[PDB]
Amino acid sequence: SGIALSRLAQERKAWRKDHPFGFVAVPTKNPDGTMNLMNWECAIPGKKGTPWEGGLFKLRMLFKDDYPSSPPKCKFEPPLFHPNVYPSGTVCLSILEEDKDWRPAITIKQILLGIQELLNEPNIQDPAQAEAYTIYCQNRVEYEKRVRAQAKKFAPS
């Protein structure tokens, strides 16, 4: 637990000193108004020039006591239309899987950039929901319209 929290303090400090424009990552508030280092609320801007452009997509990041030996669990809230996002919101990504591409050196910044990258490059070998996967595979112009519509909806204003 202490190993996890020491790392999470370092992560928080580095994020505060330098994060990418439009991104948000802050420990969430416990019900008593304290903050919880093991549970962050985050936000990811759609990349420019892509149909995600203008959208801001919120997600939660949960760290376990054996972090950074294990990756955090990441979940969009609300759930998104995207081939690699489960109906629950959970994000399916290989650097987020302990038995695959996760390494302890991976930073929170790298996780959020890796998730942003996933938004515009769906991974067809690892679909997590029926609808976005089917439409992406069968009707790519309809896929792009749903994404654009969704990006419009999550436009902050």
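Counting begins at 1, following the sequence as shown.
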Test item: residue 28 lacks coordinates in at least a third of other entries: no
Of 91-99 and 110-118, the stretch whose C-alpha atoms average the higher B-factor in the entry: 91-99
Comparing 14-22 with 130-138, the one whose average Cα B-factor in the PDB entry is higher: 14-22
Residue 105, C-alpha B-factor rank within chain (lowest, middle or highest third): highest
B-factor third for the C-alpha atom of residue 27 within its chain: middle
Among modelled residues of the same chain, the CA temperature factor third for residue 64: highest
Position of residue 83 among the chain's modelled residues by C-alpha B-factor, lowest, middle or highest third: lowest
Third of the chain, ranked by Cα B-factor, where residue 54 sits: highest
